[PDB]
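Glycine gets a Cβ as well: all are built from the backbone with ideal geometry, and neighbour counts include every protein chain shown. What follows draws every value from the coordinates through simple rules; no lab data is involved.
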Amino acid sequence: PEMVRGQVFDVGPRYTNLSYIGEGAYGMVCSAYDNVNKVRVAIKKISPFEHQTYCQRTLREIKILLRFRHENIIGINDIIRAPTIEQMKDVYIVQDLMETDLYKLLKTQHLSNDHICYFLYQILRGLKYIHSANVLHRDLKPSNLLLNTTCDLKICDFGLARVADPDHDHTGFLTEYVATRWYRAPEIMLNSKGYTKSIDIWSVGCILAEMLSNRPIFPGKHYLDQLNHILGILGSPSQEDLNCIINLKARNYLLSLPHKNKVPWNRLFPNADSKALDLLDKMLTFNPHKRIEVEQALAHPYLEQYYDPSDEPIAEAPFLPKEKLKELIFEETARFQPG
Ligand SMILES: Nc1n[nH]c2cccc(Cl)c12
Ligand SMILES: Nc1n[nH]c2cccc(Cl)c12
């Protein structure tokens, strides 16, 4: 077995000459030379089987990424695992190798307005397809946007995804932890389980803001702080927007706050394209019902050089204990075995 940092990284003989890239959600990530297709590839080792939540996430991701086929969504090229359920301790997911990701780029590179436009276009193009399949990504953030040397962008990590369920979205105050904090819509903290498409649009808005300045727009220091940062920029919600929050704990919290004025986007982002700030405003709407949808966002003037709905495809086919989830992961990966 190939070894990387004294841990088994067992993918051979098809995949050789491994280099450590980083660590994924729970497991190691390497590049490797693919001896069939004669390209270097990315391979992430997942060791999920003792923890039901890693089993769940592994199976979601496998099921979704095997059904999806889109230029702006990472595929699965191959899956490696032992030939029997008994011997299977690890699963390796083989994907296109991408040079970098938007997290790494934003830490080091100023983006021209043309780069911001093209990246945002690709994000929304991929999102159109995901949403058209009635799926919510639910963890969109720069580190889940992979980029290659010619700035092609692919959305990755579908472990936290769900099927949309707008009729069952309502919940109480300060209960929910959907998404990564900086990219979490205000309603998550107030009255939303994150089961509507508007959750992803908020995250995209946050990413666009971050492309504009190389800094997260809402850098909450901890879970409770995240609302402070959102309201600090958007200002106090309107009466109409408060009237949409029927839950009393959530409503009365908001009513308890001193008035806060909106910070104008052109003061926060003085170098930004005015069309980009108009779209940003629309994606970072407090009220999720008023928030722009993915197809509207694509049709926005900022994206006019790229927009072409005939070239923005949709999905053809819209969408348990750990021992049964191992069996389902075994069944789902069977197509990649010699046979
Ligand atoms: N923790 C995880 N986040 N995203 C994943 C995708 C596949 C498998 C796992 Cl365990 C995860
Ligand atoms: N560099 C990468 N190319 N492709 C990937 C898929 C998942 C995780 C990573 Cl880090 C990569």
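Scanning the stretch 73-102 for residues that are within 15 Å of ligand 1 (Cβ to nearest atom) and of a type in the set (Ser, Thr, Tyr) yields a single hit, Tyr92.
Quick check on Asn134: is it more than 17 Å from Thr196 (Cα to Cα) and polar (S, T, N, Q)? Please lay out each step first, then the result.
Details: more than 17 Å from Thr196 (Cα to Cα): no; polar (S, T, N, Q): yes.
Considered against the rule, which asks whether it is more than 17 Å from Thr196 (Cα to Cα) and polar (S, T, N, Q), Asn134 comes out as no.
Can you tell me which residue in the stretch 122-173 is farthest from the chain's Cα centre (by Cα), limited to those that are assigned to a helix (DSSP H, G or I) and within 16 Å of ligand 2 (Cβ to nearest atom)? Ranking the qualifying residues of the stretch 122-173, first place goes to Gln122. Candidates in the stretch 28-78 are the residues that are in contact with a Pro (Cβ under 8 Å, 6 or more places away or on another chain) and part of a loop (DSSP other than H, G, I, E, B); of these, the one that is farthest from ligand 2 (Cβ to nearest atom) is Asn35.
Of all the residues in the stretch 99-118, those that are within 21 Å of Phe158 (Cα to Cα) and crowded, with 18+ Cβ neighbours inside 10 Å number 2. Within the stretch 213-240, the set of residues being surrounded by fewer than 21 Cβ atoms within 10 Å (Cβ to Cβ), assigned to a helix (DSSP H, G or I) and not β-branched (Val, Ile, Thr) comprises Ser213, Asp225, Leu227, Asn228, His229, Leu231, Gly232, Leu234, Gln239, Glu240.
The set of residues in the stretch 174-197 that are part of a loop (DSSP other than H, G, I, E, B) and more than 19 Å from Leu208 (Cβ to Cβ) comprises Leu174, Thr175, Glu176, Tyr177, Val178, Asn191, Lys193, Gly194, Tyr195, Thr196. Taking the stretch 300-319 as the range and being closer than 30 Å to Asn261 by Cα and either surrounded by 15 or more Cβ atoms within 10 Å (Cβ to Cβ) or among the charged types (D, E, K, R) (or both) as the test, the residues that pass are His300, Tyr302, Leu303.
For residues that are among the hydrophobic types (A, V, I, L, M, F, W, C) and in a loop (DSSP other than H, G, I, E, B), scanning just the stretch 253-290, find the one that is surrounded by the most Cβ atoms within 10 Å (Cβ to Cβ). Working first, answer last.
Of the stretch 253-290, the ones among the hydrophobic types (A, V, I, L, M, F, W, C) are 254-255, 257, 263, 265, 268-269, 272, 276-277, 279-280, 283-284, 286.
This time we only want the ones that are in a loop (DSSP other than H, G, I, E, B), so: 257, 263, 269, 272, 284, 286.
Numbers: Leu257: 12, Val263: 12, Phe269: 18, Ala272: 19, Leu284: 24, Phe286: 22.
If we take residues in the stretch 253-290 being among the hydrophobic types (A, V, I, L, M, F, W, C) and in a loop (DSSP other than H, G, I, E, B), then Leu284 is surrounded by the most Cβ atoms within 10 Å (Cβ to Cβ).
Conditions: (1) among the basic types (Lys, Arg); (2) loosely packed, with under 13 Cβ neighbours inside 10 Å; (3) within 16 Å of ligand 1 (Cβ to nearest atom). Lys38 meets all but one. Number of the miss? With respect to (1) among the basic types (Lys, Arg); (2) loosely packed, with under 13 Cβ neighbours inside 10 Å; (3) within 16 Å of ligand 1 (Cβ to nearest atom), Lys38 is out only on (3). Figure legend. Inter-residue proximity from the stretch 270-282: first residues over 16 Å from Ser213 (Cβ atoms), second residues loosely packed, with under 15 Cβ neighbours inside 10 Å, beta-carbon distance below 8 Å, spacing 6+ or different chains. Indicated pairs: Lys275/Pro301; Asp278/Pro301; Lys282/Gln296.
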